[PDB]
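Let me begin by presenting the structure, written as structure tokens, before commenting on it.
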Amino acid sequence: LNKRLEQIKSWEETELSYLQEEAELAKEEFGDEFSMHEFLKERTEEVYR
């Protein structure tokens, strides 16, 4: 269980790292207006969940 939980947290911290690049990869091309903060605020806690 321990060695599994450490992989789970490493997975989570790699996904949170990928998220910063994915935010400007796939959210700034979505609308004429800029509300980038809420996209990260939502899918960060999606990664947490």
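Numbering of the sequence shown is given in PDB author numbering, commencing with residue 1451 and proceeding in unit increments. Quick reminder that beta carbons are idealized off the backbone N, C-alpha and C, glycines included.
Of the listed residues the options, nearest to residue i (C-alpha basis)
| i | options | result |
| --- | --- | --- |
| residue 1495 | 1459, 1454, 1477 and 1466 | 1466 |
| residue 1491 | 1470, 1482 and 1479 | 1470 |
| residue 1493 | 1480, 1459, 1468 and 1457 | 1468 |
| residue 1498 | 1476, 1461 and 1478 | 1461 |
Rounded Cβ spacing between residue i and residue j (contact assumed at less than 8 Å)
| i | j | result |
| --- | --- | --- |
| residue 1473 | residue 1489 | 6 Å |
| residue 1486 | residue 1478 | 7 Å |
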